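Chemist: The structure follows.
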Amino acid sequence: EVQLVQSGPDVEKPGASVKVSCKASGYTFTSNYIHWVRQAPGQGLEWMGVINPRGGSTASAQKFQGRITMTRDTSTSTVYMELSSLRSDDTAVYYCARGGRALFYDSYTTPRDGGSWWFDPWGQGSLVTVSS
Amino acid sequence: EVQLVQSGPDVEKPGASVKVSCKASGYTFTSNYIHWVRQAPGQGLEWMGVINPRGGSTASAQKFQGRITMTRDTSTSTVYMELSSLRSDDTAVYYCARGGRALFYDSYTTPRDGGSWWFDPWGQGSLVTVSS
Amino acid sequence: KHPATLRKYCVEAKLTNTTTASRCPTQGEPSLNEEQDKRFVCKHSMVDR
Amino acid sequence: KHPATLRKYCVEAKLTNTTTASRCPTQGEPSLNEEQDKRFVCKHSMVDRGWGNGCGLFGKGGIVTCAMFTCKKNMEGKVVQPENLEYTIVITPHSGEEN
Amino acid sequence: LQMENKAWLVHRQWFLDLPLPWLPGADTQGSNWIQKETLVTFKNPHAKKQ
Amino acid sequence: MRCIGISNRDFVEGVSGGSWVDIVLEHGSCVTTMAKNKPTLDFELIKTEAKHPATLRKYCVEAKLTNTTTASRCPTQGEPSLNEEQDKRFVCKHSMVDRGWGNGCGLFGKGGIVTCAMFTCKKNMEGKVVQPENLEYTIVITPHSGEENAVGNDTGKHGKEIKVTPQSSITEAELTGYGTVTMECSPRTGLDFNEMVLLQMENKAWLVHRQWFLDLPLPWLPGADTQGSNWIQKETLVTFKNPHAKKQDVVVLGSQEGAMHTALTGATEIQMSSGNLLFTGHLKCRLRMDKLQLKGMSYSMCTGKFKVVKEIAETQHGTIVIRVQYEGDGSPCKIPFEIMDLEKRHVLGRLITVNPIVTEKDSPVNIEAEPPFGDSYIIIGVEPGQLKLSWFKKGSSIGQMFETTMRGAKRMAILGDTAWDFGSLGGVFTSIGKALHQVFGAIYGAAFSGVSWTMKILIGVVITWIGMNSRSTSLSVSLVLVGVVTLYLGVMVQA
Amino acid sequence: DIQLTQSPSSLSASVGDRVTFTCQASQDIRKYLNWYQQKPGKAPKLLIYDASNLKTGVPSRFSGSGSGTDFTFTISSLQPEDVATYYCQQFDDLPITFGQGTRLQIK
Amino acid sequence: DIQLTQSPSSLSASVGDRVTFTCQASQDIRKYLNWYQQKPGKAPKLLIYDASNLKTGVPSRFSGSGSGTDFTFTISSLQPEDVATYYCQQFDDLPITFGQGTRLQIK
Amino acid sequence: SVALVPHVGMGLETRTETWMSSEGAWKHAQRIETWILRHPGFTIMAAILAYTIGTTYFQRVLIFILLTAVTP
Amino acid sequence: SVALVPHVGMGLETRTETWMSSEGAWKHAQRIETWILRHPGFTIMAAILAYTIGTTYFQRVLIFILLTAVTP
Amino acid sequence: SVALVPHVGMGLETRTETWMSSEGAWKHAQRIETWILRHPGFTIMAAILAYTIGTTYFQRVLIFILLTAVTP
Ligand SMILES: *[C@@H]1O[C@H](CO)[C@@H](O[C@@H]2O[C@H](CO)[C@@H](O)[C@H](O)[C@H]2NC(C)=O)[C@H](O)[C@H]1NC(C)=O
Ligand SMILES: *[C@@H]1O[C@H](CO)[C@@H](O[C@@H]2O[C@H](CO)[C@@H](O)[C@H](O)[C@H]2NC(C)=O)[C@H](O)[C@H]1NC(C)=O
Ligand SMILES: *[C@@H]1O[C@H](CO)[C@@H](O)[C@H](O)[C@H]1NC(C)=O
Ligand SMILES: *[C@@H]1O[C@H](CO)[C@@H](O)[C@H](O)[C@H]1NC(C)=O
Ligand SMILES: *[C@@H]1O[C@H](CO)[C@@H](O)[C@H](O)[C@H]1NC(C)=O
């Protein structure tokens, strides 16, 4: 069905880097964008960034300047987020969903909306804990 | 005194990458080259590669084509070897000796002879085990 | 007896991971984060949008 | 109202990790593994080399230098379309009303 | 000049001047081929995706 | 030795006049001298140190503003005053805006206005000067003839590190045995200080001449600040916005460090952290050499069975070095070195090691020498003819003369009439050439200077065309002389 | 940026009540707004897209309105499975910003 | 590429004996050879550099000789602290290759 | 500012490269070539003025290259 | 650098003063006058060249003021 | 590519045959003859141009054989 599956929870060291997967099912994998959103437990939600599956452009917010990398595998229909320079503030739950798609590439807002940010297709959640 | 110190033994996953340090003491850190040599337990010695501290050129043998990276920190007088694409054959003891120095760069051979390969200054040894 | 290796030319090559990107009509010239490696080959062009 | 960001120029920059390398007199033009990133800035030059330097053959051998490029505050140049923009005009009449 | 099995003796300026991407002798963990306009070619049809 | 592969190296022949040879040496190159005896010395220049500078000027590069007062009087009665215009630490400007009953005053005019701002300074240019004393040149003079460890390695104690200052004199230096060498420097004819300004930014320094540095914008401040912050400028820095009619405002112009660097292009740079470590610049020695043995004549032609342990090793037009390893029972002797031609012996080379000598036992002694422009047999053994080596210096005679002419053109370039002093023992012709080129380059001194690369080559081609227009055989002292000096100067400058 | 303020921060109500939420934007976001529920430590669900539209599969007790900067979310009859943290979210101009959150407690 | 054969692979001798090792190279390595001991699982030590020279701090019972391709390492009097794995090593042409090894056993 | 008077023909040279190492010369030439390439109409106007005043060919070429170089 | 190409005749004007408010023009004129005052020999050389090539008076004055303005 | 610059008159010869052993020369001649045989109209055009420009007979023959050989 309309479904995404994430990876299991991970614990990493401060200053390391972590990689979270996001596998898709139920549709044509290049018909939607993938977007990554964090949530600290003592906080609400917070947007991390954006990847397009078709082609592979990315972007991210200013709070993650140079700390985040997004790749994919079109054959497995999977999106990889890699967060670098981990500190204790990065301990959070991570999320990834689907945007309605300006056909070619990312970040559009004028085609009538994205349509969710991010709770229709999204998955089950990846807890990431930065500790010693 | 005339001394090198390596890092502790490590165990990593297949396909991962490992980083081994080599810290110097007792001399002027840009007066010798640093060279990395492996030894499988059921085998003799085997040369991995070469870094220069002054400047930072590297090279390596054909058996490690594109799998090995060498950096340094001049302030801490330390040399880092990073072996990528780990497999079960990489489980070995690692060594970092020094060479007499063609002043500027590389693994020259005509200036007399390096003079050891590698057991005068070398250190205490880094065991690296690739396992699941 | 003793040669010294000066050069490597590649004769056959293969490609992978094949990323592409386009910004917008005349705002933005496109960027891509995997243009940072010189191991990737990259080219700008102009298409239509 | 709605601009779109087209360009970043760096104004102040700093350098780190400062690697460099030289081949030999006319065998080899030098390579360095951290030339792989375009984040590093790199340049070839030719200096001189001899046995004093240690190598041999006494030539004017090539050399490289490399540096990691980190950026300070920037120019954040933006463009606007000929929509998403409003002019505000106050039209006011005469005839009295002090203040 | 060594290919897969054979070798040839060619003079230096020609061999430097030749296309088919450059790479210097200190590769090992490099793959830093500073060329590739002579090799891999990019199709662009009439308007769309290249 | 300490001088191989450091190319642009200054060979010097001749000692005549008794012993005095005039040498001009600089930080970049080094000088190798020769004579019929008195073995070959190597003159490498290393660091200059100007010990006691004195601070003449502070330029502010980044500034900030505070307390931002401003005032306006009325339409044409009153021009405005403000009590914090009293300090020169505040920057102030009058302007005229407009005023009316909307503004409140009356009479509906274009009334004057002032604005004021306190001026605080960030990191500065700390420009200093030095007198033509309190400065020393350090010269390493090193001899040839053996001693392995490296025909390079200027680091190391084989050549003595002799200092010289203009408060000093004939510069007596001692070496191992033979090397009592007297050097008479003339440091006052060097860079010509009291026209120099060392200029220190946050980490770096530059050497720029004085009139330019005084003439530069980016506010003035004299050396006696410490309290003051009395910057008598600021029309070049902080700029005042005035929109169409109303209130004017203050604007910091920002750091001009990049614009500063773009200004001091074309100027030599210098590390200055530990007092001073001054670099590139030249000086002029006169060299007296009596006081010199050949490290013993006092020996024998050796027995035989030498051994090479090093390659052929050609450096830089002819200078080729060979490192031999004596084997045998030498009790240190000489080395029977020769550069011969083929059979029916026509021995023609030169040895620049003169009287090379083996040390105590096995130690790889090394020898440099110059073959002719072609085939040559370099031979070192004697009784069973022990060892020949073939060598082919590619070269030419005409190409060597043309390259020497290019060296002489580069000496007619960058180094001035000191390069007329760069030879020796000239008597009439060299002295009259130095005086003639002195007055000639004085006429082409300031005196058509201050121009860049492009404009120099353009003024060269226009003056060579107006010389080519050929009136009354003024075309020579016009066209050919001026075109040669302008083109061969313009394509060589801005290095 | 576009600061998005969500009000109030927490509420308690009984079953069957009508509850309204208000989100205010510092800029004009004319229709680009979304409303979400989040059950704590669970997989959450969209409620309202375009600030006026139901998602198919969402029951009809939810609604939203508002145009300029002030937006009102409304549950007609509060039900015991609707205890969640509720978020409003801008879509415009893309430093994409969420609301702070609104927790519910059943009386 | 340049191979290096070490012979023999293992030896046993009594205390005080004279033992010799032979290493053969496929190329000319004219003086570039080194001899090392290795105590098992320990920090090992250089014995001979340039195939003829002792290191200062090494006792005088060790020696080496040979020029062209065949090289001979020699312990004059075997001592019980000299049980180790002994290696010969080329330095020339730089795909730097070790010998296979030579283990010792005390009788 | 100190954008100009870029310490060029002052003298004071040495054997070694000074600050920008033959990059300022190519900087100057490339920026004036770029400015000619962006504004062709002024180049055409300068060519017309060179053809009108002067009228001996060398004078024409001289004042044309000067009016290309008169830009600040 | 961005020391030059100082965005001058691009267009885009308005009723209001733009950035330096008629200070850049006097900046340009005063620095070229200062550079003429420091280096009189090049001015004399330019005057001699103006008297030699051209030789109609207007052409002389034109190329003289140009060779005063050719400095970077 | 390396389709051309086929290392021909570089020097470096010896007594023995080098790589293609007098097959590359006949390769070159036969392919240009084949290309002339396939495209006669360009040959006629080259002949007309040879008859028009030049007009001394040797010059005609020279530029005709050249315009047959100008093909890449
Ligand atoms: C410009 O208009 C404002 C708004 O009307 C004026 O402020 C008013 O001044 C009158 C004077 O008696 C007061 O009664 C009002 O209460 C003021 N309005 C306020 C405070 O909102 C202002 O005075 C006018 N400007 C001038 C120079 O008169
Ligand atoms: C440059 O000179 C120095 C000083 O002579 C050389 O350092 C010496 O090297 C020998 C080699 O065996 C040592 O015995 C000395 O103890 C060293 N002197 C010291 C450490 O003060 C240096 O080797 C020379 N450079 C080269 C490339 O040979
Ligand atoms: C390229 O793609 C493969 C699978 O499609 C993936 O394993 C690999 O990591 C990708 N390369 C990079 C640099 O991400
Ligand atoms: C650069 O140097 C710092 C130490 O100053 C080190 O921590 C860092 O890893 C280095 N980075 C690279 C890319 O070498
Ligand atoms: C100016 O501002 C400073 C703040 O650092 C403070 O001393 C005071 O507010 C002002 N000083 C004056 C007006 O003298």
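Rule-based calculations on the coordinates, nothing more; no lab input. Don't worry about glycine lacking a Cβ; one is built from the backbone with ideal geometry, like all the others, and counts go over all protein chains shown.
Chemist: May I ask you to list the residues in the stretch A:56-77 that are within 16 Å of ligand 3 (Cβ to nearest atom), away from chain C (no Cβ under 13 Å) and in contact with a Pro (Cβ under 9 Å, 6 or more places away or on another chain)?
Modeler: Scanning the stretch A:56-77 gives a single hit, A:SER77.
Chemist: Could you say which residue among H:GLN89, H:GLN105, H:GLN24 is assigned to a strand (DSSP E or B) and over 22 Å from B:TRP47 (Cβ atoms)?
Modeler: Details: H:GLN89 fails: over 22 Å from B:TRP47 (Cβ atoms); H:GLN24 fails: over 22 Å from B:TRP47 (Cβ atoms).
Unique residue meeting the criteria: H:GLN105.
Chemist: Moving on. Spot the failing condition for A:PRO111; the list is (1) touching a residue at least 12 places away in the same chain (Cβ under 8 Å); (2) at negative phi; (3) not β-branched (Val, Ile, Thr), and only one is missed.
Modeler: Here A:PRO111 clears every test but (1).
Chemist: While we're on this one: Among strands (runs of 3 or more DSSP E) lying entirely in the stretch F:2-114, which contain 2 or more residues that are more than 16 Å from ligand 4 (Cβ to nearest atom), more than 29 Å from D:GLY54 (Cα to Cα) and touching a residue at least 24 places away in the same chain (Cβ under 8 Å)?
Modeler: F:21-26, F:41-50, F:63-66, F:70-72, F:90-96
Chemist: Ok, one more. Mind checking whether some residue in the stretch B:23-37 is more than 18 Å from B:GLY123 (Cβ to Cβ), small (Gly, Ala, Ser) and touching a residue at least 12 places away in the same chain (Cβ under 8 Å)?
Modeler: no
Chemist: Here is a further query. Could you list, in sequence order, all residues of the stretch D:12-24 that are closer than 28 Å to E:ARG12 by Cα and within 14 Å of chain F (Cβ to nearest Cβ)?
Modeler: D:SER22, D:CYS24
Chemist: Related question: If you take the residues of the stretch F:80-112 that are surrounded by 15 or more Cβ atoms within 10 Å (Cβ to Cβ) and polar (S, T, N, Q), which of them is nearest to the chain's Cα centre (by Cα)?
Modeler: The qualifying residue nearest to the chain's Cα centre (by Cα) is F:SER95.
Chemist: Same structure, new question: Where in the stretch F:259-356 are there strands (runs of 3 or more DSSP E), lying wholly inside it, with at least 1 residues that are in contact (Cβ under 8 Å) with a residue 24 or more places away in the chain and within 14 Å of another protein chain (Cβ to nearest Cβ)?
Modeler: Qualifying strands (runs of 3 or more DSSP E): F:268-270, F:282-288, F:321-323.
Here is a yes/no grid of residues against (1) within 30 Å of A:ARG54 (Cβ to Cβ); (2) crowded, with 16+ Cβ neighbours inside 10 Å; (3) polar (S, T, N, Q):
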{"site": "E:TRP14", "(1), (2), (3)": "no, no, no"}
{"site": "E:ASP17", "(1), (2), (3)": "no, no, no"}
{"site": "E:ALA26", "(1), (2), (3)": "no, yes, no"}
{"site": "E:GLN29", "(1), (2), (3)": "no, yes, yes"}
{"site": "E:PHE42", "(1), (2), (3)": "yes, no, no"}
{"site": "E:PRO45", "(1), (2), (3)": "yes, no, no"}
{"site": "E:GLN50", "(1), (2), (3)": "yes, no, yes"}
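Chemist: Moving to a separate point now. Can you name the condition, by its number, that C:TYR9 falls short on among (1) within 12 Å of chain A (Cβ to nearest Cβ); (2) surrounded by 15 or more Cβ atoms within 10 Å (Cβ to Cβ)?
Modeler: Against the list (1) within 12 Å of chain A (Cβ to nearest Cβ); (2) surrounded by 15 or more Cβ atoms within 10 Å (Cβ to Cβ), C:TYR9 comes up short only on (1).
Chemist: What is the number of the single condition among (1) without any contact (Cβ under 8 Å) to a residue 12 or more places away in the chain; (2) not in a loop (DSSP other than H, G, I, E, B); (3) not hydroxyl-bearing (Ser, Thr, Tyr) that F:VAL451 does not meet?
Modeler: Against the list (1) without any contact (Cβ under 8 Å) to a residue 12 or more places away in the chain; (2) not in a loop (DSSP other than H, G, I, E, B); (3) not hydroxyl-bearing (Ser, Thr, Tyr), F:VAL451 comes up short only on (2).
Chemist: Of all residues in the stretch J:47-72, which are among the small types (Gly, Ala, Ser) and within 10 Å of another protein chain (Cβ to nearest Cβ)?
Modeler: Within the stretch J:47-72, J:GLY54, J:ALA69 meet the criteria.
Chemist: Output the number of residues of the stretch H:12-39 satisfying the condition of being surrounded by fewer than 17 Cβ atoms within 10 Å (Cβ to Cβ) and either at positive phi or out of contact with any strand residue (DSSP E or B) (no Cβ under 6 Å at 6 or more places or on another chain) (or both).
Modeler: Qualifying residue count, the stretch H:12-39: 10.
Chemist: Every residue in the stretch D:1-40 that is within 16 Å of ligand 2 (Cβ to nearest atom) and closer than 22 Å to D:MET68 by Cβ, please.
Modeler: Within the stretch D:1-40, D:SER22 is the sole residue that qualifies.
Chemist: Can you give me the number of residues within the stretch F:267-322 that are among the hydroxyl-bearing types (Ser, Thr, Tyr), under 30 Å from I:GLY11 (Cβ atoms) and surrounded by fewer than 18 Cβ atoms within 10 Å (Cβ to Cβ)?
Modeler: Within the stretch F:267-322, the subset among the hydroxyl-bearing types (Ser, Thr, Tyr) is F:268, F:273-274, F:280, F:298-300, F:303, F:315, F:319.
From what is left, the residues that are under 30 Å from I:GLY11 (Cβ atoms) are F:268, F:273-274, F:280.
Next, from what is left, pick out any that are surrounded by fewer than 18 Cβ atoms within 10 Å (Cβ to Cβ): F:273-274.
Of the residues in that region, 2 qualify.
Chemist: F:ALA150 - would you say it is within 16 Å of ligand 2 (Cβ to nearest atom) and of a type in the set (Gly, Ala, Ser)?
Modeler: Yes; evaluated as a whole, the condition is true for this residue.
Chemist: Let me ask something additional. Answer with yes or no whether B:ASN52 is facing another protein chain (nearest Cβ under 9 Å) and either more than 16 Å from the chain's Cα centre (by Cα) or farther than 29 Å from A:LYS19 by Cβ (or both).
Modeler: yes
Chemist: Then there's this: Look through B:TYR94, B:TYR105 and report the one residue that is within 14 Å of chain D (Cβ to nearest Cβ) and within 17 Å of the chain's Cα centre (by Cα).
Modeler: Among B:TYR94, B:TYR105, only B:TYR105 is within 14 Å of chain D (Cβ to nearest Cβ) and within 17 Å of the chain's Cα centre (by Cα).
Chemist: Let me ask you something else. Within the stretch F:122-149, work out how many residues are in contact (Cβ under 8 Å) with a residue 40 or more places away in the chain, assigned to a loop (DSSP other than H, G, I, E, B) and either at positive phi or away from ligand 5 (no atom under 16 Å from the Cβ) (or both).
Modeler: Of the residues in the stretch F:122-149, 12 are in contact (Cβ under 8 Å) with a residue 40 or more places away in the chain, assigned to a loop (DSSP other than H, G, I, E, B) and either at positive phi or away from ligand 5 (no atom under 16 Å from the Cβ) (or both).
Chemist: May I ask you to verify whether F:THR48 is within 38 Å of the chain's Cα centre (by Cα), under 30 Å from F:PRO332 (Cα atoms) and among the polar types (S, T, N, Q)?
Modeler: So F:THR48 does not fit the description; no.
Chemist: To continue, here is another question. Please work out which one of (1) free of Cβ contacts under 8 Å to residues at least 60 places away in the same chain; (2) surrounded by fewer than 19 Cβ atoms within 10 Å (Cβ to Cβ); (3) within 30 Å of D:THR5 (Cβ to Cβ) is the condition G:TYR49 fails and give its number.
Modeler: Going through the list (1) free of Cβ contacts under 8 Å to residues at least 60 places away in the same chain; (2) surrounded by fewer than 19 Cβ atoms within 10 Å (Cβ to Cβ); (3) within 30 Å of D:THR5 (Cβ to Cβ), G:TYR49 breaks only (2).
Chemist: Please find, within the stretch F:429-463, the residue that is nearest to the chain's Cα centre (by Cα) out of those that are of a type in the set (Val, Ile, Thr) and surrounded by 13 or more Cβ atoms within 10 Å (Cβ to Cβ).
Modeler: Restricting to residues being of a type in the set (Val, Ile, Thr) and surrounded by 13 or more Cβ atoms within 10 Å (Cβ to Cβ), the top hit is F:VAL451.
Chemist: When the residues of the stretch B:120-132 are narrowed to those that are part of a loop (DSSP other than H, G, I, E, B), touching a strand residue (DSSP E or B) at 6+ places or on another chain (Cβ under 8 Å) and within 22 Å of B:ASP90 (Cβ to Cβ), which ends up farthest from the other protein chains (Cβ to nearest Cβ)?
Modeler: B:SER131
Chemist: Let me ask something additional. In the list C:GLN36, C:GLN27, which residue meets the criterion of being within 14 Å of chain A (Cβ to nearest Cβ), more than 16 Å from ligand 1 (Cβ to nearest atom) and within 11 Å of the chain's Cα centre (by Cα)?
Modeler: C:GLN36
Chemist: Let me ask something else. Does at least one position in the stretch G:58-70 carry a residue that is free of Cβ contacts under 8 Å to residues at least 60 places away in the same chain, assigned to a loop (DSSP other than H, G, I, E, B) and basic (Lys, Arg)? Can you show your working first?
Modeler: Keep residues of the stretch G:58-70 that are free of Cβ contacts under 8 Å to residues at least 60 places away in the same chain, which gives G:58-70.
Of the ones still in play, those that are also assigned to a loop (DSSP other than H, G, I, E, B) are G:58-61, G:66-69.
If we keep only those that are basic (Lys, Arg) too, we end up with G:61.
Checked the stretch G:58-70: at least one residue is free of Cβ contacts under 8 Å to residues at least 60 places away in the same chain, assigned to a loop (DSSP other than H, G, I, E, B) and basic (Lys, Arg).
Chemist: Can I ask one more? Working carefully through the options B:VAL93, B:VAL50, find the one that is touching a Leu at 6+ places or on another chain (Cβ under 8 Å), among the hydrophobic types (A, V, I, L, M, F, W, C) and under 22 Å from H:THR97 (Cβ atoms). Working first, answer last.
Modeler: On the way: B:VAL50 fails: touching a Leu at 6+ places or on another chain (Cβ under 8 Å).
Exactly one of B:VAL93, B:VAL50 is touching a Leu at 6+ places or on another chain (Cβ under 8 Å), among the hydrophobic types (A, V, I, L, M, F, W, C) and under 22 Å from H:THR97 (Cβ atoms), namely B:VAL93.
Chemist: Look through F:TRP220, F:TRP206, F:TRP212 and report the one residue that is under 17 Å from I:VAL5 (Cβ atoms) and in contact with an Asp or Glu (Cβ under 6 Å, 6 or more places away or on another chain).
Modeler: Exactly one of F:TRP220, F:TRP206, F:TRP212 is under 17 Å from I:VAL5 (Cβ atoms) and in contact with an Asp or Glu (Cβ under 6 Å, 6 or more places away or on another chain), namely F:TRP206.
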